[PDB]
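> fold the following for me, if possible:
(chains A and B, ligands or ions: 2)
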Amino acid sequence: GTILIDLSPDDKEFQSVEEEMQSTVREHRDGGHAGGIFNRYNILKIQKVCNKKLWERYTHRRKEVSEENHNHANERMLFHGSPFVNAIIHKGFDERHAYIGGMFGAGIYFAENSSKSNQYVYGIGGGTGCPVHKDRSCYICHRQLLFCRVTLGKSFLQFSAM
Amino acid sequence: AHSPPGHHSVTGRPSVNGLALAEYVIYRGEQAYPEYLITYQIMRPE
Ligand SMILES: COc1ccc(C2(CNC(=O)c3ccc(NC(=O)c4cnc(C)o4)cc3Cl)CCOCC2)cc1
Ligand SMILES: [Zn+2]
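Numbers count the residues shown, from 1 in each chain, chains lettered A, B, ... in the order given. Ligands and ions are numbered 1, 2, ... in the order given. Please find the structure below.
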């Protein structure tokens, strides 16, 4: 069902997505242990993800939430990093596969800081780093994140001790 | 898990590090659409 459409670097859509990536990098309290040491990325490719079935079920759910929340879906664009990106884009997100308890329980996690999502691309705490070099700060291997449309609805506010 | 009753998601908002932005959690897959796939390298600082 899924096709991937390459965006050209001159496309305004490429540029606005890249700008969100680059500008939401921060320093992390682990000094780069999980995700590596960097202030910015080299963006190699941006692809639009097109899947009619996944989109229709997104918009169907969005309408339900919105009607539960004074006609406010509370839709954001957020980063997601994990090792399951290739399954997600073909099969969609699936809460049944998301059974790992984290800081906020089991569930599907997103971040405003792209650098936060970057810490998880090779796994929890960055796992053992890239498959080729076992380096969590590898400057050579190619990484992937998703920039996702997410319906929050009424969101429970959890202040965290981080 | 499940959203807390009467809510559709959780917002995890850092309260110590004032420069860290939020994380969010959802509990249904249909509440997100993976719209862009970004392929990149991290860059070594100069
Ligand atoms: C092994 O690497 C990781 C990395 C990050 C995570 C955490 C984030 N994980 C998720 O957001 C998450 C999202 C989607 C999925 N999977 C899918 O939606 C999915 C759909 N179809 C498949 C095959 O998977 C799984 C997880 Cl564990 C879980 C809590 O701990 C911190 C973040 C869990 C495991
Ligand atoms: Zn590597």
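
> spatially central, which residue of chain A would that be?
The geometric centre of chain A, computed from its C-alpha atoms, lies nearest to residue A:80 (Cα atoms, centre = their mean), at 1.3 Å.

> dump the residue contacts of that residue.
A:88, A:108-111, A:117, A:145-146, A:148, B:32, B:34 (Cβ atoms under 8 Å, 6 or more residues apart in numbering or on different chains). Where C-beta positions appear, they are placed from N, C-alpha and C, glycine not excepted.

> same check on residue A:83?
With Cβ under 8 Å, 6+ apart, residue A:83 has these contacts: A:120-123, A:127.

> find the nearest non-adjacent residue to residue A:52, please.
The shortest distance from residue A:52 to any residue other than its chain neighbours is 6.9 Å, reached at residue A:1 (Cβ to Cβ, 6 or more residues apart in numbering or on different chains).

> now flag whichever of the contacts of residue A:83 is closest to chain B.
residue A:121 (9.7 Å; Cβ to the nearest Cβ).

> contacts only, for the closest one.
Applying Cβ under 8 Å, 6+ apart, we find residue A:121 in contact with A:35, A:81-83, A:85, A:143-145.

> in the sheet, who's paired with residue B:33?
According to DSSP bridges, the residues that bridge with residue B:33 are residue A:149.

> assumed residue A:53 was part of a helix.
Yes - assignment of residue A:53 by DSSP: H, G, I helix; E, B strand; the rest coil places it within a helix.

> where do the strands sit along chain A?
Using DSSP state E, the strands assigned to chain A run over residues A:3-6, A:41-50, A:75-80, A:108-111, A:143-151, A:155-160.

> could you dump these into TSV and include distance to ligand 1?
As requested, the strands of chain A are exported to TSV (distance: least, Cβ to the nearest ligand atom, whole Å):
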stretch	distance to ligand 1
strand A:3-6	17
strand A:41-50	14
strand A:75-80	6
strand A:108-111	4
strand A:143-151	10
strand A:155-160	13
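
> who wins for proximity to residue A:58 among the ones you listed?
Comparing the strands of chain A by their distance to residue A:58 (Cβ to Cβ), the top pick is strand A:143-151, with 7.1 Å.
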